[PDB]
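Here the structure is laid out as structure tokens; the discussion comes afterwards.
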Amino acid sequence: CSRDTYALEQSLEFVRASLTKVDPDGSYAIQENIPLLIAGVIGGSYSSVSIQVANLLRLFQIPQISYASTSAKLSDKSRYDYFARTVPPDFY
Amino acid sequence: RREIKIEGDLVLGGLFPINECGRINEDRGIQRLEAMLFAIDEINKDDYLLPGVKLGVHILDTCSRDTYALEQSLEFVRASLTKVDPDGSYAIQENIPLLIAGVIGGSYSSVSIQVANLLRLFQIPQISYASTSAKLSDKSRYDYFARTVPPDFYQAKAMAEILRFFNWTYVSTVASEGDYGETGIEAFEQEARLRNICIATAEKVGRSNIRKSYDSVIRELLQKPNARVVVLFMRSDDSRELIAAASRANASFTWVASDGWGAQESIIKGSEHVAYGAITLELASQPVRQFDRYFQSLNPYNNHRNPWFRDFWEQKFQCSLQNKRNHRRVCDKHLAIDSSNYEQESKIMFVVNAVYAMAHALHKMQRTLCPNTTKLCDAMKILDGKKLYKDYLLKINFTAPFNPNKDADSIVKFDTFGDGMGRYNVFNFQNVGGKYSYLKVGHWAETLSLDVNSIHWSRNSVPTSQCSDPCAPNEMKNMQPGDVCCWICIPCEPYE
Ligand SMILES: *[C@@H]1O[C@H](CO)[C@@H](O[C@@H]2O[C@H](CO)[C@@H](O)[C@H](O)[C@H]2NC(C)=O)[C@H](O)[C@H]1NC(C)=O
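Protein sequence lines, in the order shown, are assigned to chains B and R.
Numbering (the entry's author numbering) for the first sequence: 99 to 121, 128 to 196.
Numbering (the entry's author numbering) for the second sequence: 30 to 49, 57 to 121, 128 to 538.
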């Protein structure tokens, strides 16, 4: 939705798969809809969305590749050590 | 995977370095854990603040590592996603994690940084009790992290002033890798450059558990006999490792230590011969007598909440229990920790202050967001992290919980950077009556207040942490022949 908070919520939905495995006891059995373990995240349009999702995925060592985030704030690998892109940075 | 859980409407997270992870951190970690537990019990026992709502606990061991602390914070945060996630046959109960109102913990800078980066995604306020690093001062990267302790540049400039007071121009320094040691040593180097103090060697260590690097660092320190003062800036584990390495060799440096070492009994207890005039500095604080009497009465069969308490007793008293009955002796029934057994940690009151700050923020939110009642309501069912933090934590101002003096310092105030007052107590590891023990020798709030007559230097002489000569520029000059910073005298002709 071109917003940082909504993208953060969607990345939370993405990442709610590794914690499910370590978490599920109950009567009989529970199936519901088990989230799949995301091998890597492809997305991150707009710089705010990419920054938020990279900050989220740096906690779960989930690689992220962006297609349109051409901001220079994501160039450094210290804050975002699992974020990459196929587009040039912003100073160019 | 040992966890401490107490049922309650609002639960406060707990991050402590209980295990230093196979060995238990006796003085720091478990004492801080007990301080938090005692503060929460006092909060639940008095009706003046938070009368109706009960404050649960969620305490986890960080093992003094960033990855383990990250995993424990993941365990903490796996409560909001559970509610939005659970269909299944019949019903599923298991063990529903409780929604953490706020996280109280974050010893060591790396743990605090990782947990703050985790909680910034869930608007969960975090209050630290021992992370005195300057990297967390900014509110941009960490917009939900605060602390009851001053930042690191105050400590760095205090160390620089201590060096300058004794004219220790030529010093050697060893720093720890990561977020605390690196930033703190950068600030200290900047302060030394401002005050014209030349560092002989800048060494960095790591938590690789390899003594070879530590003894190599000790040998490198020995390579500069002129710099007999070591400004040691590292964590407790790294300080202990370097103390052991220097004890393996023959070193007699006067370690000007930081809050990482401070007034710690385990580091010196490893070996007391290497350290005899170490001018350490820790966060200035007053011991809590209520927590003293709470911890003195603690017994292995009395406090069943802590899964580590039995192992704490076994490690501290060296006596095993009936589980083994062959490795060691049997602990006495009259055995206790009443007196002459433990020394109060200087950051216990900081833990109490952090817990009471979180409690007072919750109480103010209840008095504002949930009026006409002192118990839980619909408004308090869901907590707004941004509002709670920004309003009732960054603008909080309350007196100290247990301080009959009620002096000016008995006020917990969060500045614009979410930090505490810059007060430091400078101790020296001197001997007064044949028994080694720390005792306060100075103070630093805005300027040094030091007692030279009660220092008792190593080798019973004032250290000379200077190069060959400061030289006289009136009739000579300097050329820096061998050292980048040190120099020598070359006489100047009358016509030059
Ligand atoms: C540290 O260096 C300063 C600068 O020399 C010393 O200050 C003066 O030292 C001379 C003797 O060297 C005294 O006659 C002066 O009275 C001192 N003036 C002041 C304002 O201190 C200082 O004594 C030195 N301190 C130590 C512990 O060596």
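Ideal Cβ placement from N, Cα and C applies to all residues, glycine included.
- Counting other Cβ atoms within 10 Å of its Cβ, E136 of chain R stays below 16 and is therefore classed as exposed.
- Around the beta carbon of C534 of chain R, fewer than 16 other beta carbons lie within 10 angstroms, which makes this residue exposed.
- In the DSSP annotation of this structure, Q332 of chain R is not part of any beta strand (DSSP E); the continuous alpha helix (DSSP H) holding it starts and ends at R331 to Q338.
- Chain R places a beta carbon closer than 7 Å to that of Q135 of chain B, counting this residue as a contact.
- For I532 of chain R, there is no enclosing alpha helix (DSSP H), as DSSP marks it with neither H nor E.
- At a threshold of 6 Å, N495 of chain R does not count as near ligand 1, since its beta carbon sits no closer than that to any of the ligand's heavy atoms.
- With contact defined as three or more Cβ pairs closer than 8 Å, the segment 217-235 of chain R and the segment 499-510 of chain R are not in contact.
- Look at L44 of chain R: its C-beta is not under 7 Å from any C-beta on chain B.
- Proximity of the beta carbon of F208 of chain R to ligand 1 is indicated: a heavy atom of the ligand is located closer than 6 Å.
- By DSSP's assignment, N473 of chain R forms a beta bridge with R:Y478.
- Per DSSP, the continuous beta strand (DSSP E) segment holding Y212 of chain R begins and ends at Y212 to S218.
- Cα atoms of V394 of chain R and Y150 of chain B: separation of roughly 43 Å, rounded to the nearest angstrom.
- Near chain R, meaning a CB-to-CB distance below 9 Å, the residues of the segment 138-167 of chain B are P139, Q156, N159, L160, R162, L163 and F164.
- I47 of chain R and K389 of chain R have their C-alpha atoms roughly 15 Å apart.
- Taking a C-beta distance under 7 Å as the contact criterion, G88 of chain R and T416 of chain R qualify as a contact pair.
- Boundaries of the alpha helix (DSSP H) around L284 of chain R: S278 to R290.
- With a threshold of 7 Å between beta carbons, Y132 of chain B makes contact with chain R.
- Chain order gives the chain R residues near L117 of chain B as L110, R114 and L117, where near means a beta carbon separation below 8 Å.
- Residue environment analysis places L73 of chain R among the buried positions, since at least 16 neighbouring C-beta atoms fall within 10 angstroms of its C-beta.
- What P128 of chain B touches in chain R, judged by beta-carbon distance under 7 Å, is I134 and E136, going in chain order.
- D97 of chain R places its beta carbon 7 Å or farther from that of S152 of chain R.
- Measuring C-alpha to C-alpha distances from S382 of chain R to each of R:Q338, R:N268, R:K423 and R:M422 identifies R:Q338 as the nearest.
- Under the three-state reduction of DSSP output, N159 of chain B falls in the helix class.
- Boundaries of the beta strand (DSSP E) harbouring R189 of chain B: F187 to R189, taken from the DSSP string.
- Straight across, the Cα-Cα distance linking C57 of chain R with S362 of chain R is about 20 Å.
- DSSP, reduced to helix, strand and coil, places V120 of chain B within a helical segment of the structure shown.
- Membership of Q168 of chain R in the beta strand (DSSP E) is indicated by the continuous run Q168 to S170.
- As the crow flies, the alpha-carbon of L263 of chain R is around 46 Å from that of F440 of chain R.
- Taking a contact to require three or more Cβ pairs closer than 8 Å, the segment 415-429 of chain R and the segment 275-293 of chain R do not qualify as touching.
- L490 of chain R sits close to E203 of chain R, with the two beta carbons spaced by under 7 Å.
- Contact of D121 of chain B with chain R by beta-carbon distance below 7 Å involves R114.
- When C-beta distances to chain R are compared with 8 Å, the residues of the segment 172-184 of chain B below that value are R183, in chain order.
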